[PDB]
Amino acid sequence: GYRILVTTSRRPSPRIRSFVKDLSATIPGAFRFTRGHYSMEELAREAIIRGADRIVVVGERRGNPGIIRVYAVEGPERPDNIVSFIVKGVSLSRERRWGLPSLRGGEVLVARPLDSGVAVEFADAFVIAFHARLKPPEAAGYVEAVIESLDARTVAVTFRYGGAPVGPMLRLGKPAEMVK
């Protein structure tokens, strides 16, 4: 499977849950999952059962989403952290006054860097983390993750679908080692 299980750190604050719902409704193949008391090893099992080979865990920073750690699911064992993003800030679709993509299943995510700066590295990270493609499909539908460099270690990410912005807008930063 190639779906993406999106969850939170344990006992998430309200905004973390809201963000996960917004993000999961925007990225093709992603779905929100309640963390409960599951260990990372247990999340791997729940991912397999649901045909997902990626686990995304949104951590907090004083009540706000503060980090996104992505894990690859290869077996029932504890999953490896393959990519991580620092969440500097986020605005939910509800706050940006726009909607969510009307998906039907089968759509793909395309990562598009707007400049040759650090946005290129983040685009590569999206390919690894969310199975995004750098090259758009010729006919199939797709959600576009537009990535712009704000500084040497930070980017702004805006998702687009059907010629319009959708989902949460993110400001992401590189951790010590984004792709390990």
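In case it trips you up, residue 1 is the first one in the sequence shown, and so on.
Higher mean CA temperature factor, per the PDB entry, when comparing 43 to 51 with 28 to 36: 43 to 51. Annotation for 75 to 83 versus 94 to 102: the higher mean temperature factor (C-alpha) is found in 75 to 83. Out of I16, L23, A164, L170, the entry records its largest CA B-factor for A164. Per the deposited coordinates, the residue with the largest Cα temperature factor out of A140, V155, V146, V127 is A140. Compared with the other modelled residues of the chain, the Cα B-factor recorded for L134 ranks in the highest third. Among all modelled residues in this chain, the alpha-carbon of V58 has a temperature factor (C-alpha) in the lowest third. In the PDB entry, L150 places in the middle third of its chain by CA B-factor. When the CA B factors of the chain's modelled residues are split into thirds, the value for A119 lands in the lowest one.
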